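*Asks:* Once you've seen the sequence and the experimental structure below, I've got questions.
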Amino acid sequence: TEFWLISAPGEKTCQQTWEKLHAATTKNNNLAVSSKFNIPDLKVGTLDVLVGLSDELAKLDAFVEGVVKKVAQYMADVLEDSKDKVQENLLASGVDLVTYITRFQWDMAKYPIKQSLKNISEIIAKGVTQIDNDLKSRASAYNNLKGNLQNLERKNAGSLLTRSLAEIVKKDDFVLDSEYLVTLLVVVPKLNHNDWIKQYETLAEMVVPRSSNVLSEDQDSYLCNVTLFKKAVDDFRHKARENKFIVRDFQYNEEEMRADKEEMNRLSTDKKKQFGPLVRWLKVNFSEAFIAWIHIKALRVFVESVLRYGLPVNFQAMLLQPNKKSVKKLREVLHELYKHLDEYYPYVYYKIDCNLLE
Amino acid sequence: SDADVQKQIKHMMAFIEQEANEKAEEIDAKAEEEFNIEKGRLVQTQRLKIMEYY
Amino acid sequence: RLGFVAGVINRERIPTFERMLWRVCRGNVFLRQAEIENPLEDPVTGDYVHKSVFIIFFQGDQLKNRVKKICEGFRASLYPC
């Protein structure tokens, strides 16, 4: 949803220009939603300030739009679930973007009107720059945690051939701690398991009958421990490979199964410890960046009005929400209402777009 | 575009009046700061000079 | 403290030149064009062209750079005075 902020002089009072445009814009058709926009009188000064600000605010506008858009994307990146509630979370002053823009108020406490336009612009620039610095830090932390959780997910993904042994291994299936004895682990496709149950007793010399103990099974395969004498292992593994069986050794590795379980408990918990503060920080940073963006838009309108008419300014600030079916007729009405003042327009024009979240 | 030129002439005539007032306000503000600074520096320096003799 | 620049251009560029001054400056520039009593020769081609003088008045160094940048953009010949 796109909104236009516009301004033009009253002939003797601001009501004359407001009534003429508001009546015409409403009466001809629903060309736009028409309302007053709050811009207060600031302490004006020389053309060196005004012209500098006019271009500097355009750089700041591009920057803050990029920042607040990145905040909206980061909110969608942190909110992995409940994606439909993102617009209900991206609120300014407890209300939706459209409402806040229509009901906009200048923050005289953050931005005292007696200050020069440069000082106001620098307070905005510093505030938004530190929001961007905080976002760089938080995004770096969140993206790394997300990436590390995906590595633990990959380690537990797919069949018995690809998932970690830590989920299925227990000490009771193993023969270990021995001079002459070994345990090995093998994966076999489920169609070959009925042959494997006898074939393992014959793949090497010095293998006992009934040596195979199953850990787990899935839609593709069985994974079993095999117990045997130490001389048998190389022929056993080689002849298993000749018979298409896959070796996947894990001799009750307590350190490896512990490390996967510790990281699962840690990463699953640290995700919440990031997520809660991230949603709260992103809501604050969104509100402040969106508020600051509108303060830049208001300054672009103000500075251009002051340039276009001179320092004793009498411009009304107004908002339009253009109808997509009749925006060309709206442009023609706005030109006709202001043809005496001089894309390009004879009146002051700027736009805002609420589609920060795509 | 003669009427636009006349409007701009009148606007420029307004810009200089308030820029000249802005420069005067900066000079008057600096003069009040420098009044307090010069008075302070002179009084303390001469007080110290007289105090050294005392 | 006011500032100004002055120069000459081929007359056919004046409409776009003047409109761009009123677009780069946010509706604020004083301009006077004036025609030369005769056409003047191009130093490269030898074409005698109906050139016109211009003077542009402003306040401050920020406007100085805008008016100069547009004069350079239309290849207008500036001179000191």
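*Replies:* That came through, no problem. Numbers count the residues shown, from 1 in each chain, chains lettered A, B, ... in the order given.

*Asks:* can you list the residues of chain B near chain C?
*Replies:* B:5, B:8-9, B:11-12, B:15-16, B:19 (C-beta under 8 Å from any C-beta of the partner chain). All C-beta spots, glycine's among them, are computed from the backbone N, C-alpha and C.

*Asks:* Can you find the residue of chain A that comes nearest to chain B?
*Replies:* residue A:310 (3.7 Å; C-beta to the nearest C-beta).

*Asks:* burial of that residue, as a residue count?
*Replies:* Neighbours of residue A:310 under the rule other C-beta atoms under 10 Å in any protein chain shown: 21.

*Asks:* The one 4 residues further on now?
*Replies:* Other residues within reach of residue A:314 by the criterion other C-beta under 10 Å amount to 14.

*Asks:* Alpha carbons of stretch A:132-147, in CSV - could you do that?
*Replies:* In CSV, the C-alpha atoms belonging to stretch A:132-147 read as follows (Å, rounded to 0.1, in the frame of the first residue of the first chain):
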residue,chain,number,x,y,z
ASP,A,132,21.8,-0.6,11.9
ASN,A,133,24.9,-1.5,14.0
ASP,A,134,22.7,-3.3,16.6
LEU,A,135,21.0,-5.2,13.7
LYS,A,136,24.4,-6.2,12.2
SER,A,137,25.4,-7.7,15.6
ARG,A,138,22.0,-9.5,16.2
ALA,A,139,21.7,-10.8,12.6
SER,A,140,25.3,-12.1,12.8
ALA,A,141,24.5,-13.9,16.1
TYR,A,142,21.1,-15.3,14.9
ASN,A,143,22.4,-16.4,11.4
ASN,A,144,25.3,-18.3,13.0
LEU,A,145,23.0,-20.1,15.6
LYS,A,146,20.5,-21.0,12.8
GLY,A,147,23.4,-22.3,10.7
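
*Asks:* Closest one of the residues of chain B next to chain C to chain A?
*Replies:* For these, the nearest to chain A is residue B:11 (3.7 Å; C-beta to the nearest C-beta).

*Asks:* leaving aside the residues next to it on the chain, what's closest to that closest one?
*Replies:* Closest residue to residue B:11 apart from its sequence neighbours, by C-beta to C-beta, 6 or more residues apart in numbering or on different chains: residue A:310 at 3.7 Å.

*Asks:* Quick check, the one you found in contact with residue B:19.
*Replies:* No: Residue A:310 is beyond contact range of residue B:19, at 11.0 Å (criterion: C-beta atoms under 8 Å).

*Asks:* Which parts of chain A are helices?
*Replies:* Remark: helices assigned in chain A by DSSP state H are A:14-27, A:47-78, A:86-89, A:97-102, A:117-155, A:193-199, A:233-242, A:254-309, A:327-338.

*Asks:* Out of those, flag the one nearest residue A:40.
*Replies:* Nearest of these to residue A:40, taken as C-beta to C-beta: helix A:254-309 at 8.7 Å.

*Asks:* and the residue nearest to residue B:11, what is it in contact with?
*Replies:* B:10-12, B:14-15, C:28 (C-beta atoms under 8 Å, 6 or more residues apart in numbering or on different chains).

*Asks:* Next: residue A:282.
*Replies:* Taking C-beta under 8 Å, 6+ apart as the definition, contacts of residue A:282 comprise A:71, A:74-75, A:78, A:138.

*Asks:* Please name the spatially closest residue to it (chain neighbours excluded).
*Replies:* residue A:75 (4.8 Å).

*Asks:* any idea how far the one you found lies from chain C?
*Replies:* From residue A:75 over to chain C the distance is 36 Å, taken as C-beta to the nearest C-beta, to the nearest Å.

*Asks:* What is the burial count for residue A:157?
*Replies:* The burial count for residue A:157: 11, using other C-beta under 10 Å.

*Asks:* That one reaches residue A:164, doesn't it?
*Replies:* No: with contact defined as C-beta under 8 Å, residue A:157 does not count as touching residue A:164 (9.3 Å).

*Asks:* Tell me the residues of chain C that contact chain B?
*Replies:* C:2, C:27-31, C:57, C:59.

*Asks:* Of these, grab the buried ones for ChimeraX.
*Replies:* Per 16 or more other C-beta atoms under 10 Å in any protein chain shown, the buried members of the residues of chain C next to chain B correspond to this ChimeraX selection:
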select /C:27,28,29,30,31,57,59
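
*Asks:* other SSEs contacting the longest helix anywhere in chain C?
*Replies:* As assigned by DSSP H, the longest helix anywhere in chain C is helix C:60-73. Counting contacts by 3 or more C-beta pairs under 8 Å, 6 or more residues apart in numbering or on different chains; DSSP states H and E, helix C:60-73 packs against helix A:47-78, strand C:2-10, helix C:14-24, strand C:51-59.

*Asks:* from the chain's centre, how far out does the last one sit?
*Replies:* In terms of C-alpha atoms, centre = their mean, to the nearest Å, the centre of strand C:51-59 is found 5 Å from the chain centre.

*Asks:* Just list what it packs against, helices and strands only.
*Replies:* helix A:47-78, helix B:2-53, strand C:2-10, helix C:14-24, strand C:30-35, helix C:60-73.

*Asks:* Just name the most buried of the ones you listed.
*Replies:* Most buried of those by mean neighbour count (mean count of other C-beta atoms under 10 Å in any protein chain shown) is helix A:47-78; its value is a mean of 19.

*Asks:* Now do it against strand C:51-59, angle only.
*Replies:* The directions of helix A:47-78 and strand C:51-59 differ by 80 degrees, with axes from the mean of the first three to the mean of the last three C-alpha atoms, to 10 degrees as the criterion.

*Asks:* Could you check how far helix A:47-78 is from the centre of its chain?
*Replies:* Worked out by C-alpha atoms, centre = their mean, helix A:47-78 lies 18 Å from the chain centre.

*Asks:* now stretch A:313-326
*Replies:* Stretch A:313-326 sits 31 Å away from the centroid of its parent chain (C-alpha atoms, centre = their mean).

*Asks:* Buried residues in that stretch, which are they?
*Replies:* Buried residues in stretch A:313-326, counted by 16+ other C-beta under 10 Å: A:313, A:315-322, A:326.

*Asks:* Restricted to strands, list those residues.
*Replies:* A:315-322 (DSSP state E).

*Asks:* Within range of chain A, give me the residues from chain B.
*Replies:* Residues of chain B lying near chain A (C-beta under 8 Å from any C-beta): B:4, B:10-12, B:14-15, B:18-19, B:22.

*Asks:* Quick check: the residue positioned nearest the centre of chain A vs residue A:166, distance?
*Replies:* Centroid-nearest residue in chain A: residue A:74, 2.1 Å away (criterion: C-alpha atoms, centre = their mean). Here residue A:74 is placed at a distance of 33 Å from residue A:166 (C-beta to C-beta, to the nearest Å).

*Asks:* try residue A:48
*Replies:* With the distance defined as C-beta to C-beta, residue A:48 ends up 69 Å from residue A:166.

*Asks:* What residues does chain C have near chain A?
*Replies:* So far as C-beta under 8 Å from any C-beta goes, chain C lies against chain A at C:22-23, C:25-28, C:58-63, C:66.

*Asks:* contacting residues around the nearest residue to residue A:1 once chain neighbours are set aside?
*Replies:* In this structure, residue A:1 finds its nearest non-sequential neighbour in residue A:354, 4.6 Å apart by C-beta to C-beta, 6+ apart. Listed by C-beta under 8 Å, 6+ apart, the contact set of residue A:354 reads A:1-3, A:97-98, A:101.
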